[PDB]
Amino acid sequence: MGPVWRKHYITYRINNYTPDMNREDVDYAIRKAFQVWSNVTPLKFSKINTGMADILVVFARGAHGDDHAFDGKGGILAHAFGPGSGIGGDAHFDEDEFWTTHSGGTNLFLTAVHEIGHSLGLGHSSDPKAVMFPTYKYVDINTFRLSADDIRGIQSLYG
């Protein structure tokens, strides 16, 4: 076992917003990506705007203060730290991508589902249909479902 949150109530804060999307569409995409994971575990997520959030969502570019710089458009789309205090849990999105609500550019909701997986403690899947597969794939958002391998992974950590 990798690190896991020791509690089932987890807060998140959106540190800043990409100018690529409307603020409301970023909030929705993030809220829906947490909901994917809450639907198969005992976890609950609440958004705060001040105070001490466990998972900070950041948009940043290039070398942005942790050891893992971003690489411009393409390649690394985002990354996240596993459960822990401070930077633990935090999910950072490369502003050099073009974030969207749809199939164009890079879909924020799907990328956030994957990154939130890492923020909760998952590694990668070798199942091509699992959201935790190492490479991005757009899949129809309205019918999106976690694969059984994703659900096995997250239920092996939280129950």
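We call the rigid core the largest set of C-alpha positions that still match within 1.5 Å between the two forms. Start at 1 and count along the sequence shown; that's the residue number.
Higher-deviation stretch (C-alpha RMS, rigid core fit) in 6 other deposited structures of this protein, choosing from 20-28 and 135-143: The stretch that sits farther from the shown form in 6 other deposited structures of this protein is 135-143.
In 6 other deposited structures of this protein, superposed by the rigid core, which stretch departs further from the shown form in CA positions, 91-99 or 51-59? Farther on average in 6 other deposited structures of this protein: 51-59.
For the higher mean C-alpha B factor in the entry, choose 113-121 or 128-136. Between 113-121 and 128-136, it is 128-136.
Should the higher mean CA B-factor in the entry be assigned to 30-38 or to 63-71? The recorded data point to 63-71.
43, 52, 108, 56, ranked by C-alpha B-factor: the highest one: Answer, based on the entry's C-alpha B-factors: 52.
Residue 12 CA temperature factor, ranked by third within the chain: Within its chain, residue 12 is a lowest-third residue by C-alpha B-factor, going by the deposited values.
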